[PDB]
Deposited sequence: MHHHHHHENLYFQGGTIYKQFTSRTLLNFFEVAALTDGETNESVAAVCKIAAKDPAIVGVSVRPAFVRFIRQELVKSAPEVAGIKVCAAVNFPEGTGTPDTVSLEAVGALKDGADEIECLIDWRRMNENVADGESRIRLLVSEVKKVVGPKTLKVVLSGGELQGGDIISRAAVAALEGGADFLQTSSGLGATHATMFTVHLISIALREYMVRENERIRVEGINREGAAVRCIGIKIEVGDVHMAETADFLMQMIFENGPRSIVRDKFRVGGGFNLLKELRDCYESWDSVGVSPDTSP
């Protein structure tokens, strides 16, 4: 239908595809980047810092179109257990290698031990990394390998904002835990309240391996919580998998 075609075209405009698994190779990363970069190009691709120079120095000769998508380097992945100094170094290297953005996973496990200490660590990590990112975008990933309660997510969100996050990202893309209506609601509340007490701050809804229909509901959630004006690249991104990206393209390509 026209409605599915319009929804898929809109989703493509905000989409960021992940190529973050333990088993990625240059070949698997290249395949993902090629589909990301086909006109109309999506926003970007997320990879571990290892792959940035392959994409930016080598793949571009094979597939020049990849120059037209952003590369977002996933630092402190997959465990979130590095120190501010080491994660800052990862980010420095990623930016040198050609990354356009950084996504930084927090030490989410610390929130299970001592919330106050966990919040302190988030503020330090995020503020440290923001110093090396300069005016580029720093997305802070609030969840990793396990499901944590709403109160923890809310407190992680606030700490990340206080530390200087340019974007709050629901989830890493690894494991089984991704955005839910509940966590998108809590993250939206945290951001809304931070802006009232108060820069342009976004929300990235990372949906895992779900299909277009479920992804579309998150789009609707975002507009309901944060208004139509939030549906712009500086304030919104959708993170998903390769199969979801292929579904979106198949749908859009059916429009005459």
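- Annotation: deposited residues 1 to 15, 214 to 229, 288 to 297 are not represented by C-alpha coordinates in the model.
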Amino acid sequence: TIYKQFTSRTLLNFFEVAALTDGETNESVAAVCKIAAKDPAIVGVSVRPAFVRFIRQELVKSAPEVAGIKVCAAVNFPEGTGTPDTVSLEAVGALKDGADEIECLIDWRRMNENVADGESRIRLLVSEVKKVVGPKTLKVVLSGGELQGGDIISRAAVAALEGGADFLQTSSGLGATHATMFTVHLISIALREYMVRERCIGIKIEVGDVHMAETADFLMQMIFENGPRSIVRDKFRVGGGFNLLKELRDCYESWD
From here on, numbers count along this sequence of modelled residues.
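- The PDB entry records a higher mean C-alpha B factor for 142 to 150 than for its counterpart among 98 to 106 and 142 to 150.
- Mean C-alpha B-factor is higher over 189 to 197 than over the other stretch, the pair under comparison being 189 to 197 and 57 to 65.
- Ranked within its chain, residue 44 lands in the lowest third, by CA B factor from the PDB record.
- When the modelled residues of the chain are ordered by their C-alpha B factor, residue 21 lands in the middle third.
- Remark: residue 116 belongs to the highest third of its chain, ranked by C-alpha B-factor as recorded.
- Among the modelled residues of its chain, residue 252 has a C-alpha B-factor that falls in the highest third, as given in the PDB entry.
- Compared with the other modelled residues of the chain, the Cα B-factor recorded for residue 206 ranks in the lowest third.
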